[PDB]
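Okay, so here's just one chain, in structure tokens, the form deposited in one PDB entry.
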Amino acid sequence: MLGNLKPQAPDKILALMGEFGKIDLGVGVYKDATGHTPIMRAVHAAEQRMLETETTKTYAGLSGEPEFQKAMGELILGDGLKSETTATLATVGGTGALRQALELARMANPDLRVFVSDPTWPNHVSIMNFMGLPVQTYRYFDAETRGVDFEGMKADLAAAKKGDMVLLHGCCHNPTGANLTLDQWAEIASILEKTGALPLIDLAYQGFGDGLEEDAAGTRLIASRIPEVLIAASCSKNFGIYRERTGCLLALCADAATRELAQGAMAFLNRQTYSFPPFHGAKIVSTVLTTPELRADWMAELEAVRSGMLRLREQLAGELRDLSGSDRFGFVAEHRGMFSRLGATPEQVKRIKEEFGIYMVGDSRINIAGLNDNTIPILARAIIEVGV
């Protein structure tokens, strides 16, 4: 029987790491000056305390622990957290949240379509394909200005209708790094309510753009305007606990009734997929979040990280500027997040890795965190020499 298994397609980003003075600028993970992905001080302190307070490992909650559910809700929505109309579901990372979100939506509407940004995280499309959900794209990245073709985005979105779902990146757009402003978000919200399309927000990098609260701004705008919203958050990057697999699905509803429905459906989704969600990572998160001392050190460390990266974008931009006398590469400093699409053609991308030895995703996606003071000029030299 198993011999009938057709060969499946692998993941592009992960494939790179396998195919790796080498310079890694692929996989979206934060790395420090010494090319290491550290464990955050507070996270280490949390685990340490956990190892001393936990007396049992029995089965816990099917939708995650109340402490995790409450902390995550507050972290994301701040004061916009209306417990009476919000359903929470602890998941296996942000990807697990996205999948669960799609499963929930399809249950509610068997004939749902999904609008995704051109471009967007590859893994978004693969999952939808696997599920057999019709995917449509809305213009987003402006290839010339490397910014956002907001004009086109609004036009395409206006074509959405009731029952359809729109996937938005709350901040730090993967893979472009091009992001919407609060003014743009308000306009998107008016489009959404006019069309009746359910928004699904992918919140994977809250804290890597402009700050914890500022990065949640757009999400909070949509949440205060649209009566029904879905938010799939990840604690992988902002808490540095990638391998723990922890995230959560937030279902914002209009009334308590619908809320109890969704909460029930969500708990059922977990039960039918793997019974209980993993406890360890979720415990670290709630511990950090509910312990003043721990939250403070986490906020500080995350701040240091996001600040360092911003310095790197400006440094690289400058290097390139001086290497061409032209600030064409200025968009680099304007982008926000961990990535930036350079705009180099596929042929150039491959040429750079084969001769220069710097590995970046096929669509010219570079992980800014991968650079450093001594590798920056080298990268700049490479892009300059290759530029057709």
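The term rigid core refers to the most C-alpha atoms you can superpose between the two forms while keeping them within 1.5 Å. When you see a residue number, it is the position in the sequence shown, counting from 1.
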Between neighbours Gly21 and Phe20, residues that the deposited sequence lists but the model omits: 4 to 9
Residue stretch of maximal mean CA temperature factor, 251-259 vs 294-302: 251-259
Mean Cα B-factor comparison, 93-101 or 226-234, giving the higher one as deposited: 226-234
Out of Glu187, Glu144, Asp215, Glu74, highest CA B-factor residue: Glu144
Candidate residues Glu47, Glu54, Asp327, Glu67, the one whose C-alpha B factor the record puts highest: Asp327
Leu312 by Cα B-factor - lowest, middle or highest third of the modelled chain: highest
Lowest, middle or highest third - CA B-factor, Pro110: highest
Where the record places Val29 (Cα B-factor, split into thirds across the chain): middle
Chain-wide C-alpha B factor ranking for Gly207, given as lowest, middle or highest third: lowest
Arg220 - Cα temperature factor, lowest/middle/highest third of chain: lowest
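Beyond the structure shown, there is the form deposited in another entry, which is absent from this document and is the topic of what follows.
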Core-superposed C-alpha of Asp373 shifting 2 Å or more between this form and the one not shown: no
Per-residue C-alpha change between this form and the one not shown, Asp32, threshold 2 Å, rigid core fit: no
Did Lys353 shift 2 Å or more between this form and the one not shown, C-alpha, core superposed: yes
